[PDB]
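**Q** Got a structure for you, written out below as structure tokens; questions coming shortly.
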2 protein chains.
Amino acid sequence: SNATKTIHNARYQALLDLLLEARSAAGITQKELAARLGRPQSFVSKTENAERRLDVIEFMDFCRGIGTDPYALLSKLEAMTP
Amino acid sequence: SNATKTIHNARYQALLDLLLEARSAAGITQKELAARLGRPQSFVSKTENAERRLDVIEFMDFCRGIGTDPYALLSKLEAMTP
């Protein structure tokens, strides 16, 4: 079946949901996050819009750029499928 | 965020995907499954179309009706989020 990818896609989308919540809470614009990352704003916007794939390395940096602990965010996400 | 429900919905849809695979593999029509369950065909069709919610009791019976071990199916589903 397509179960494996179906579940992967939702967990990935939930992670994006959490990251958007975190950036918004931090009061940081996409343009500002991109500046901190030393990347074009398109990097941040495409990441948030799911038009490019985030790897775990980019993810760690994205988190640090907004001020949120990447290990803690992952732990919280994982806690959602006990 | 909406993360918790986002993840729940995907796991539920993946379970339906697996159940459809199982009924199809068993060579059993919806009408035939319903007869075995002693329920209207609409029960089976709405279950498969996600137009009604399956509870764990109905799920066990649905599985037995198609010949597949409900405990094993759940285990397989859970294995997908290690």
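As shown in the structure tokens, the chain order sets the letters A, B, ...; within each chain, residues go from 1, and ligands are also counted from 1 in the order they appear.
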For chain A versus chain B, which residues have an atom no more than 7 Å away, and what is each residue's nearest atom pair and distance in Å rounded to one decimal, using only C-alpha atoms, chain-then-number order, as JSON lines?

**A**
{"residue": "A:1", "atom": "CA", "partner": "B:18", "partner_atom": "CA", "distance": 6.4}
{"residue": "A:3", "atom": "CA", "partner": "B:14", "partner_atom": "CA", "distance": 4.6}
{"residue": "A:4", "atom": "CA", "partner": "B:80", "partner_atom": "CA", "distance": 6.1}
{"residue": "A:6", "atom": "CA", "partner": "B:10", "partner_atom": "CA", "distance": 6.3}
{"residue": "A:7", "atom": "CA", "partner": "B:10", "partner_atom": "CA", "distance": 5.6}
{"residue": "A:10", "atom": "CA", "partner": "B:7", "partner_atom": "CA", "distance": 5.6}
{"residue": "A:11", "atom": "CA", "partner": "B:7", "partner_atom": "CA", "distance": 6.0}
{"residue": "A:14", "atom": "CA", "partner": "B:3", "partner_atom": "CA", "distance": 4.6}
{"residue": "A:17", "atom": "CA", "partner": "B:1", "partner_atom": "CA", "distance": 6.5}
{"residue": "A:18", "atom": "CA", "partner": "B:1", "partner_atom": "CA", "distance": 6.4}
{"residue": "A:21", "atom": "CA", "partner": "B:1", "partner_atom": "CA", "distance": 6.9}
{"residue": "A:80", "atom": "CA", "partner": "B:4", "partner_atom": "CA", "distance": 6.1}

**Q** With N, CA and C atoms retained, write the just-selected residues as a PDB file, in the first residue's frame.

**A**
ATOM      1  N   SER A   1       0.837  -1.201   0.000  1.00  0.00           N
ATOM      2  CA  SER A   1       0.000   0.000   0.000  1.00  0.00           C
ATOM      3  C   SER A   1       0.876   1.256   0.000  1.00  0.00           C
ATOM      4  N   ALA A   3       0.882   3.302   2.617  1.00  0.00           N
ATOM      5  CA  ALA A   3       0.833   3.664   4.030  1.00  0.00           C
ATOM      6  C   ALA A   3       2.098   4.354   4.533  1.00  0.00           C
ATOM      7  N   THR A   4       3.253   3.803   4.179  1.00  0.00           N
ATOM      8  CA  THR A   4       4.504   4.336   4.696  1.00  0.00           C
ATOM      9  C   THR A   4       4.685   5.803   4.322  1.00  0.00           C
ATOM     10  N   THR A   6       2.292   7.885   3.191  1.00  0.00           N
ATOM     11  CA  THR A   6       1.170   8.630   3.759  1.00  0.00           C
ATOM     12  C   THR A   6       1.496   9.117   5.163  1.00  0.00           C
ATOM     13  N   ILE A   7       2.060   8.226   5.972  1.00  0.00           N
ATOM     14  CA  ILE A   7       2.394   8.579   7.348  1.00  0.00           C
ATOM     15  C   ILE A   7       3.600   9.527   7.377  1.00  0.00           C
ATOM     16  N   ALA A  10       2.537  13.153   6.538  1.00  0.00           N
ATOM     17  CA  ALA A  10       1.828  13.855   7.598  1.00  0.00           C
ATOM     18  C   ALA A  10       2.769  14.306   8.708  1.00  0.00           C
ATOM     19  N   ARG A  11       3.740  13.469   9.045  1.00  0.00           N
ATOM     20  CA  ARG A  11       4.651  13.828  10.115  1.00  0.00           C
ATOM     21  C   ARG A  11       5.498  15.006   9.672  1.00  0.00           C
ATOM     22  N   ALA A  14       3.347  18.093   9.833  1.00  0.00           N
ATOM     23  CA  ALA A  14       3.191  18.482  11.232  1.00  0.00           C
ATOM     24  C   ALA A  14       4.440  19.201  11.724  1.00  0.00           C
ATOM     25  N   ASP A  17       4.256  22.648  10.424  1.00  0.00           N
ATOM     26  CA  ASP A  17       3.251  23.348  11.239  1.00  0.00           C
ATOM     27  C   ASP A  17       3.908  23.861  12.521  1.00  0.00           C
ATOM     28  N   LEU A  18       4.634  22.981  13.206  1.00  0.00           N
ATOM     29  CA  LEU A  18       5.333  23.369  14.430  1.00  0.00           C
ATOM     30  C   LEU A  18       6.378  24.435  14.192  1.00  0.00           C
ATOM     31  N   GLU A  21       4.632  27.763  13.674  1.00  0.00           N
ATOM     32  CA  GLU A  21       4.232  28.231  15.000  1.00  0.00           C
ATOM     33  C   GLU A  21       5.421  28.860  15.732  1.00  0.00           C
ATOM     34  N   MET A  80       4.006  12.510  19.564  1.00  0.00           N
ATOM     35  CA  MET A  80       2.655  12.527  19.010  1.00  0.00           C
ATOM     36  C   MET A  80       2.210  11.186  18.434  1.00  0.00           C
TER      37      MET A  80
END

**Q** Can I have chain A aligned to chain B? Use a least-squares fit on all Cα atoms paired in order and write it out as a JSON list (two decimals) with N, CA and C atoms, in the first residue's frame.

**A**
[["chain", "number", "residue", "atom", "x", "y", "z"],
["A", 1, "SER", "N", -0.62, 23.97, 17.73],
["A", 1, "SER", "CA", -0.76, 23.72, 16.29],
["A", 1, "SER", "C", -1.81, 22.63, 16.05],
["A", 2, "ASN", "N", -1.94, 22.18, 14.79],
["A", 2, "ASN", "CA", -2.87, 21.10, 14.45],
["A", 2, "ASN", "C", -2.15, 19.76, 14.27],
["A", 3, "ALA", "N", -0.91, 19.70, 14.75],
["A", 3, "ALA", "CA", -0.05, 18.55, 14.53],
["A", 3, "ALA", "C", -0.66, 17.23, 14.98],
["A", 4, "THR", "N", -1.24, 17.22, 16.17],
["A", 4, "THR", "CA", -1.76, 15.98, 16.72],
["A", 4, "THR", "C", -2.82, 15.36, 15.81],
["A", 5, "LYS", "N", -3.76, 16.18, 15.35],
["A", 5, "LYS", "CA", -4.81, 15.66, 14.48],
["A", 5, "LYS", "C", -4.30, 15.34, 13.09],
["A", 6, "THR", "N", -3.40, 16.17, 12.60],
["A", 6, "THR", "CA", -2.78, 15.91, 11.30],
["A", 6, "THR", "C", -2.17, 14.52, 11.26],
["A", 7, "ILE", "N", -1.45, 14.16, 12.32],
["A", 7, "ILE", "CA", -0.81, 12.86, 12.38],
["A", 7, "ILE", "C", -1.85, 11.75, 12.59],
["A", 8, "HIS", "N", -2.81, 12.00, 13.47],
["A", 8, "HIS", "CA", -3.87, 11.02, 13.66],
["A", 8, "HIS", "C", -4.59, 10.71, 12.34],
["A", 9, "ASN", "N", -4.90, 11.75, 11.59],
["A", 9, "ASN", "CA", -5.69, 11.55, 10.38],
["A", 9, "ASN", "C", -4.95, 10.69, 9.36],
["A", 10, "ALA", "N", -3.64, 10.90, 9.26],
["A", 10, "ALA", "CA", -2.85, 10.12, 8.31],
["A", 10, "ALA", "C", -2.75, 8.66, 8.73],
["A", 11, "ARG", "N", -2.61, 8.41, 10.02],
["A", 11, "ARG", "CA", -2.48, 7.04, 10.47],
["A", 11, "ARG", "C", -3.79, 6.31, 10.24],
["A", 12, "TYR", "N", -4.89, 7.02, 10.46],
["A", 12, "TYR", "CA", -6.21, 6.44, 10.22],
["A", 12, "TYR", "C", -6.38, 6.16, 8.73],
["A", 13, "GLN", "N", -5.95, 7.08, 7.88],
["A", 13, "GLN", "CA", -6.10, 6.86, 6.45],
["A", 13, "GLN", "C", -5.24, 5.69, 5.98],
["A", 14, "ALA", "N", -4.04, 5.56, 6.56],
["A", 14, "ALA", "CA", -3.15, 4.46, 6.24],
["A", 14, "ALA", "C", -3.77, 3.13, 6.66],
["A", 15, "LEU", "N", -4.40, 3.11, 7.83],
["A", 15, "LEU", "CA", -5.15, 1.92, 8.24],
["A", 15, "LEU", "C", -6.25, 1.57, 7.23],
["A", 16, "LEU", "N", -7.01, 2.56, 6.77],
["A", 16, "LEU", "CA", -8.02, 2.26, 5.74],
["A", 16, "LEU", "C", -7.38, 1.70, 4.45],
["A", 17, "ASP", "N", -6.25, 2.28, 4.06],
["A", 17, "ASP", "CA", -5.49, 1.81, 2.89],
["A", 17, "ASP", "C", -5.15, 0.33, 3.07],
["A", 18, "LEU", "N", -4.61, -0.02, 4.23],
["A", 18, "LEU", "CA", -4.28, -1.42, 4.52],
["A", 18, "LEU", "C", -5.49, -2.32, 4.52],
["A", 19, "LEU", "N", -6.62, -1.82, 5.02],
["A", 19, "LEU", "CA", -7.82, -2.65, 5.09],
["A", 19, "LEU", "C", -8.38, -2.91, 3.71],
["A", 20, "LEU", "N", -8.30, -1.91, 2.85],
["A", 20, "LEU", "CA", -8.77, -2.07, 1.48],
["A", 20, "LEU", "C", -7.87, -3.07, 0.76],
["A", 21, "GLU", "N", -6.55, -2.91, 0.92],
["A", 21, "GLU", "CA", -5.62, -3.90, 0.37],
["A", 21, "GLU", "C", -6.00, -5.31, 0.82],
["A", 22, "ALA", "N", -6.30, -5.46, 2.11],
["A", 22, "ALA", "CA", -6.64, -6.77, 2.67],
["A", 22, "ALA", "C", -7.95, -7.33, 2.11],
["A", 23, "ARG", "N", -8.98, -6.50, 2.02],
["A", 23, "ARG", "CA", -10.25, -7.02, 1.50],
["A", 23, "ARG", "C", -10.12, -7.42, 0.04],
["A", 24, "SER", "N", -9.48, -6.54, -0.73],
["A", 24, "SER", "CA", -9.21, -6.83, -2.14],
["A", 24, "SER", "C", -8.40, -8.11, -2.31],
["A", 25, "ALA", "N", -7.39, -8.31, -1.47],
["A", 25, "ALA", "CA", -6.55, -9.51, -1.57],
["A", 25, "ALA", "C", -7.35, -10.76, -1.26],
["A", 26, "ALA", "N", -8.32, -10.63, -0.36],
["A", 26, "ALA", "CA", -9.12, -11.77, 0.08],
["A", 26, "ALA", "C", -10.14, -12.17, -0.99],
["A", 27, "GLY", "N", -10.34, -11.30, -1.97],
["A", 27, "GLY", "CA", -11.29, -11.56, -3.04],
["A", 27, "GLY", "C", -12.73, -11.48, -2.56],
["A", 28, "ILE", "N", -12.97, -10.58, -1.62],
["A", 28, "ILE", "CA", -14.30, -10.42, -1.02],
["A", 28, "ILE", "C", -14.89, -9.07, -1.36],
["A", 29, "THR", "N", -16.11, -9.04, -1.89],
["A", 29, "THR", "CA", -16.74, -7.76, -2.22],
["A", 29, "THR", "C", -17.23, -7.07, -0.95],
["A", 30, "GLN", "N", -17.52, -5.78, -1.05],
["A", 30, "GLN", "CA", -18.12, -5.06, 0.07],
["A", 30, "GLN", "C", -19.43, -5.73, 0.50],
["A", 31, "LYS", "N", -20.28, -6.04, -0.48],
["A", 31, "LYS", "CA", -21.57, -6.67, -0.19],
["A", 31, "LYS", "C", -21.39, -7.97, 0.58],
["A", 32, "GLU", "N", -20.40, -8.76, 0.18],
["A", 32, "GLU", "CA", -20.09, -10.02, 0.86],
["A", 32, "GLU", "C", -19.55, -9.80, 2.28],
["A", 33, "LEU", "N", -18.66, -8.82, 2.44],
["A", 33, "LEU", "CA", -18.14, -8.50, 3.76],
["A", 33, "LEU", "C", -19.29, -8.09, 4.67],
["A", 34, "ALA", "N", -20.16, -7.21, 4.17],
["A", 34, "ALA", "CA", -21.30, -6.75, 4.96],
["A", 34, "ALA", "C", -22.19, -7.92, 5.41],
["A", 35, "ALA", "N", -22.48, -8.84, 4.49],
["A", 35, "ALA", "CA", -23.25, -10.03, 4.84],
["A", 35, "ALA", "C", -22.60, -10.77, 6.00],
["A", 36, "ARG", "N", -21.29, -10.98, 5.93],
["A", 36, "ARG", "CA", -20.59, -11.69, 7.00],
["A", 36, "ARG", "C", -20.72, -10.95, 8.33],
["A", 37, "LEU", "N", -20.71, -9.62, 8.26],
["A", 37, "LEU", "CA", -20.75, -8.78, 9.46],
["A", 37, "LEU", "C", -22.18, -8.69, 9.98],
["A", 38, "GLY", "N", -23.13, -9.05, 9.13],
["A", 38, "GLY", "CA", -24.53, -8.84, 9.47],
["A", 38, "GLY", "C", -24.88, -7.36, 9.52],
["A", 39, "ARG", "N", -24.28, -6.58, 8.62],
["A", 39, "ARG", "CA", -24.56, -5.14, 8.50],
["A", 39, "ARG", "C", -24.87, -4.77, 7.05],
["A", 40, "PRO", "N", -25.51, -3.61, 6.83],
["A", 40, "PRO", "CA", -25.81, -3.16, 5.47],
["A", 40, "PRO", "C", -24.51, -2.91, 4.72],
["A", 41, "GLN", "N", -24.53, -2.98, 3.40],
["A", 41, "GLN", "CA", -23.32, -2.72, 2.63],
["A", 41, "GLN", "C", -22.82, -1.31, 2.89],
["A", 42, "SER", "N", -23.75, -0.40, 3.17],
["A", 42, "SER", "CA", -23.37, 0.99, 3.42],
["A", 42, "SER", "C", -22.36, 1.09, 4.57],
["A", 43, "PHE", "N", -22.44, 0.16, 5.52],
["A", 43, "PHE", "CA", -21.47, 0.15, 6.62],
["A", 43, "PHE", "C", -20.04, 0.00, 6.09],
["A", 44, "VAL", "N", -19.87, -0.96, 5.20],
["A", 44, "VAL", "CA", -18.56, -1.24, 4.64],
["A", 44, "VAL", "C", -18.13, -0.12, 3.72],
["A", 45, "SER", "N", -19.03, 0.32, 2.84],
["A", 45, "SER", "CA", -18.65, 1.36, 1.89],
["A", 45, "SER", "C", -18.31, 2.69, 2.59],
["A", 46, "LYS", "N", -19.07, 3.06, 3.61],
["A", 46, "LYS", "CA", -18.79, 4.31, 4.33],
["A", 46, "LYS", "C", -17.52, 4.19, 5.16],
["A", 47, "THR", "N", -17.26, 2.99, 5.67],
["A", 47, "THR", "CA", -16.02, 2.76, 6.39],
["A", 47, "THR", "C", -14.84, 2.97, 5.43],
["A", 48, "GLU", "N", -14.91, 2.34, 4.26],
["A", 48, "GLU", "CA", -13.79, 2.45, 3.31],
["A", 48, "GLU", "C", -13.63, 3.86, 2.73],
["A", 49, "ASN", "N", -14.74, 4.57, 2.56],
["A", 49, "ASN", "CA", -14.70, 5.92, 2.02],
["A", 49, "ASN", "C", -14.41, 6.99, 3.07],
["A", 50, "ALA", "N", -14.19, 6.59, 4.31],
["A", 50, "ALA", "CA", -13.99, 7.52, 5.43],
["A", 50, "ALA", "C", -15.17, 8.44, 5.69],
["A", 51, "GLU", "N", -16.37, 7.95, 5.43],
["A", 51, "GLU", "CA", -17.59, 8.70, 5.71],
["A", 51, "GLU", "C", -18.25, 8.27, 7.03],
["A", 52, "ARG", "N", -17.63, 7.32, 7.72],
["A", 52, "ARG", "CA", -18.04, 7.00, 9.09],
["A", 52, "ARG", "C", -16.78, 6.55, 9.83],
["A", 53, "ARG", "N", -16.77, 6.65, 11.15],
["A", 53, "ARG", "CA", -15.57, 6.32, 11.93],
["A", 53, "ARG", "C", -15.61, 4.87, 12.41],
["A", 54, "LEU", "N", -14.52, 4.14, 12.20],
["A", 54, "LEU", "CA", -14.39, 2.78, 12.71],
["A", 54, "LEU", "C", -13.86, 2.83, 14.13],
["A", 55, "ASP", "N", -14.53, 2.13, 15.03],
["A", 55, "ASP", "CA", -14.00, 1.95, 16.38],
["A", 55, "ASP", "C", -13.24, 0.62, 16.45],
["A", 56, "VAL", "N", -12.52, 0.40, 17.53],
["A", 56, "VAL", "CA", -11.64, -0.77, 17.57],
["A", 56, "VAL", "C", -12.45, -2.07, 17.58],
["A", 57, "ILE", "N", -13.66, -2.01, 18.14],
["A", 57, "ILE", "CA", -14.52, -3.19, 18.13],
["A", 57, "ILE", "C", -14.95, -3.55, 16.71],
["A", 58, "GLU", "N", -15.48, -2.57, 15.98],
["A", 58, "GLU", "CA", -15.85, -2.78, 14.58],
["A", 58, "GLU", "C", -14.65, -3.24, 13.77],
["A", 59, "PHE", "N", -13.50, -2.63, 14.05],
["A", 59, "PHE", "CA", -12.25, -2.97, 13.36],
["A", 59, "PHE", "C", -11.90, -4.45, 13.53],
["A", 60, "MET", "N", -11.94, -4.94, 14.77],
["A", 60, "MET", "CA", -11.66, -6.35, 14.98],
["A", 60, "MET", "C", -12.58, -7.20, 14.10],
["A", 61, "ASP", "N", -13.88, -6.88, 14.08],
["A", 61, "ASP", "CA", -14.85, -7.72, 13.37],
["A", 61, "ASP", "C", -14.65, -7.63, 11.85],
["A", 62, "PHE", "N", -14.31, -6.43, 11.39],
["A", 62, "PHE", "CA", -14.06, -6.15, 9.98],
["A", 62, "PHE", "C", -12.91, -7.04, 9.52],
["A", 63, "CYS", "N", -11.83, -7.03, 10.29],
["A", 63, "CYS", "CA", -10.67, -7.88, 10.02],
["A", 63, "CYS", "C", -11.02, -9.36, 9.96],
["A", 64, "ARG", "N", -11.72, -9.85, 10.98],
["A", 64, "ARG", "CA", -12.12, -11.25, 11.00],
["A", 64, "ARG", "C", -12.97, -11.57, 9.78],
["A", 65, "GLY", "N", -13.82, -10.63, 9.38],
["A", 65, "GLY", "CA", -14.70, -10.84, 8.24],
["A", 65, "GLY", "C", -13.94, -11.02, 6.94],
["A", 66, "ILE", "N", -12.78, -10.39, 6.83],
["A", 66, "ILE", "CA", -11.96, -10.56, 5.63],
["A", 66, "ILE", "C", -10.89, -11.63, 5.78],
["A", 67, "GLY", "N", -10.68, -12.12, 7.00],
["A", 67, "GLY", "CA", -9.73, -13.19, 7.22],
["A", 67, "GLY", "C", -8.36, -12.73, 7.69],
["A", 68, "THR", "N", -8.24, -11.46, 8.06],
["A", 68, "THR", "CA", -6.94, -10.94, 8.49],
["A", 68, "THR", "C", -6.88, -10.65, 9.99],
["A", 69, "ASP", "N", -5.75, -11.00, 10.60],
["A", 69, "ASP", "CA", -5.55, -10.87, 12.05],
["A", 69, "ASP", "C", -5.48, -9.39, 12.44],
["A", 70, "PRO", "N", -6.45, -8.92, 13.25],
["A", 70, "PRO", "CA", -6.48, -7.49, 13.61],
["A", 70, "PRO", "C", -5.27, -7.07, 14.43],
["A", 71, "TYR", "N", -4.80, -7.93, 15.33],
["A", 71, "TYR", "CA", -3.63, -7.60, 16.13],
["A", 71, "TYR", "C", -2.40, -7.42, 15.24],
["A", 72, "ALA", "N", -2.27, -8.28, 14.24],
["A", 72, "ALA", "CA", -1.14, -8.23, 13.33],
["A", 72, "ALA", "C", -1.20, -6.97, 12.45],
["A", 73, "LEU", "N", -2.40, -6.61, 12.01],
["A", 73, "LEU", "CA", -2.53, -5.42, 11.16],
["A", 73, "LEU", "C", -2.14, -4.18, 11.96],
["A", 74, "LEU", "N", -2.64, -4.08, 13.19],
["A", 74, "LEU", "CA", -2.28, -2.95, 14.03],
["A", 74, "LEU", "C", -0.77, -2.87, 14.27],
["A", 75, "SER", "N", -0.15, -4.02, 14.49],
["A", 75, "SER", "CA", 1.29, -4.07, 14.74],
["A", 75, "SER", "C", 2.08, -3.53, 13.56],
["A", 76, "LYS", "N", 1.65, -3.92, 12.37],
["A", 76, "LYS", "CA", 2.26, -3.49, 11.14],
["A", 76, "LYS", "C", 2.11, -1.99, 10.95],
["A", 77, "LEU", "N", 0.91, -1.49, 11.22],
["A", 77, "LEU", "CA", 0.67, -0.06, 11.11],
["A", 77, "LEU", "C", 1.59, 0.70, 12.05],
["A", 78, "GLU", "N", 1.70, 0.23, 13.29],
["A", 78, "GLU", "CA", 2.50, 0.92, 14.28],
["A", 78, "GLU", "C", 3.98, 0.88, 13.94],
["A", 79, "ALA", "N", 4.39, -0.19, 13.27],
["A", 79, "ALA", "CA", 5.79, -0.35, 12.88],
["A", 79, "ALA", "C", 6.22, 0.76, 11.93],
["A", 80, "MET", "N", 5.25, 1.47, 11.37],
["A", 80, "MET", "CA", 5.53, 2.49, 10.37],
["A", 80, "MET", "C", 5.99, 3.82, 10.96],
["A", 81, "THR", "N", 5.79, 4.00, 12.26],
["A", 81, "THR", "CA", 6.35, 5.15, 12.96],
["A", 81, "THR", "C", 7.24, 4.67, 14.10],
["A", 82, "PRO", "N", 8.40, 4.09, 13.74],
["A", 82, "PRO", "CA", 9.36, 3.54, 14.71],
["A", 82, "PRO", "C", 9.82, 4.58, 15.72]]
